[PDB]
């Protein structure tokens, strides 16, 4: 299991910009403008536009509240008139340069509109949102705007049942079959397009947790799924009419068998796209369904691993489906030539199959009956990237950054259900949790996370029920000396001797080749050896002394030394107010002397020692 965060920043010690609007709650949707200078925030009954560099600066705001009349009809349906019968923004996507596509629960009457960015006024289309936005604010949903087409995953009705993954377009509107083999009580998590290159079609991936049809246990077992459809899908001609002919799904496994750890509940997914790396990586956040005392895990998957399963793996087959009971097993028979679930490609095309509409019924009937793959999509290295006890993580974003020495790091930012944010990097041999910051002082769970993209200073935006918080990717300035800046082992921070400050790389002006940084934690490379704080004390004989000492690291052991020896602070001679401060009770002349508060922190190969504080004590009389 990962260690505890090395440093804990109280909301206080650090600078965090916050945004919220009196009497407006549930800031669950965030979207950066195309120019990246503005951040759009979808909340309950409102949408705001704020400076992406300082979200406390509100630029625009618009409301879309439910009429008292409509709120009346909604309460009649037996819903909370003060919580449920409101318009919770659920879709907030880019439509064009001048507008956004916005959908809200509209008091259990899903509706969509266009937000004119120029006037920042809703156009008032009030389109039906059934199928693209849920009815209930508690229901799960996901969606992704792909070439002007909204691909959605959510519940089709008021009860939250009738799960549906559909693309509603003017031309080819497709959807999933209302059948357990396709979707079995799924909880939607994420959806994104994997296009890149190339005549290769683009695929839209959907991620969710659903009840497994292939696993049996004491009670219903949940299982995470990675699924995808082809953007160019057109539905079948006689079969799968107006339904996907490319829908395939597979298990997404995050576990540690030797430990009997199984994280079968998917919480979030992030697609890491790197200009320098040819294949995107899916970072996924899981929690266990069984005996969850508070465990969380992060697994990373190579897209090519997922692609090989859908393109070359075996399908599962429902052998016997009735009272003898439906059993799902590996299908060993022959597979229809145009591979079921495949996107129309060179071969398919080089055989007259130009669109899904002319695919053979054999191929179409097969896919309609075998949407589940037999193989599991496994993580990179076949193990989780991070497993953490005593924390319920809710979201994850990953930033690829280069340390001073060129080494590239995939820094994971994961929030918690208590409003905090952990920053971690895998440091080959273990996971290093650089720090944790309390984003929300009310301890509201973090519901959504978003990395800033503008060229320049980088930030993370976190949304919760009480507001949005903007945080920098690092607090380098918080480290007052080279040893500390170096011991943080934070790829974003380096020491700048000329300025005598721990600086944030890439964006900094400091001595490029003169900056210091050691991802090994070997502060021995620093120029000076800070000797901590120095202070003289003059106390009244008999009285009691209290010597202050404290440091930021949670992984360092601090102790006192006096006259070349380690002080044993117990009683009634000593105290220890704050498990750091030394207390000396019967102040007699024997207590006169030099007291040192040292710290020992085991880093990579070597352990580092530091003088935190030095006190010269003189008891008078």
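Positions refer to the first chain, counted from 1.
Residues of the deposited sequence that sit between residue 199 and residue 198 yet are not modelled
Unmodelled stretch: 4 to 9 residues.
What stretch has the higher average Cα B-factor here, 578-586 or 65-73?
On average, C-alpha B-factors are higher across 578-586.
154-162 or 530-538, whichever carries the higher mean Cα B-factor:
Taking the mean B-factor of the alpha carbons in each, 530-538 is higher.
Say you rank 317, 437, 304, 376 by Cα B-factor from the PDB entry; which sits at the top?
Max CA B-factor in the entry, restricted to 317, 437, 304, 376: 317.
Out of 441, 354, 392, 105, which shows the largest CA B-factor listed in the entry?
Each of 441, 354, 392, 105 was compared by C-alpha B-factor; the highest is 354.
Ranking the modelled residues of this chain by C-alpha B-factor as given in the entry, is residue 570 in the lowest, middle or highest third?
Ranked within chain, residue 570 CA B lands in the highest tercile.
Could you say whether, by C-alpha temperature factor, residue 592 belongs to the lowest, middle or highest third of its chain?
It falls in the middle third of the chain.
Assigned third (lowest, middle, highest) for the C-alpha B factor of residue 39:
Its C-alpha B-factor belongs to the lowest third of this chain's values.
Sorting the chain's modelled residues by C-alpha B-factor, tell me whether residue 7 ends up in the lowest, middle or highest third.
Lowest third, going by the recorded CA B-factors of the chain.
Considering every modelled residue of the chain and its Cα B-factor in the PDB entry, is residue 558 in the lowest, middle or highest third?
Ranked within chain, residue 558 CA B lands in the highest tercile.
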